[PDB]
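Next up: a single chain in structure tokens, the form deposited in one PDB entry.
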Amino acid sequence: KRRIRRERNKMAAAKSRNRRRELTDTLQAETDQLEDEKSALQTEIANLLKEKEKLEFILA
């Protein structure tokens, strides 16, 4: 009974620890990316604005 279950549960403890390592590794790595994407839109926005003004002046 035990010899069966103990090795059986050994696998579960292993598999669960497995997922938490990956859940975090993934969220961590994903937020790293989303951070960049955001960061770049902030600069894309800054530059778009400078162009917007510049053109309005050409229409001054």
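Definition used throughout: the rigid core is the maximal C-alpha set that superposes within 1.5 Å between two forms. Quick note: we count residues from 1 along the sequence shown, nothing fancier. Only residues modelled in both forms are compared.
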Q. On average, which has the higher Cα B-factor in the deposited entry, 51 to 59 or 4 to 12?
A. 4 to 12
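Not pictured, yet referred to below: the form deposited in another entry.
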Q.
Shifts of 2 Å or more at the CA atom, core superposed, between this form and the one not shown: which of the listed residues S39, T24, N47, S16 is the one?
A. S16
Q.
In sequence order, what stretches of at least three consecutive residues shift by 2 Å or more at the Cα level between this form and the one not shown, with the rigid core held as reference?
A. 2 to 19
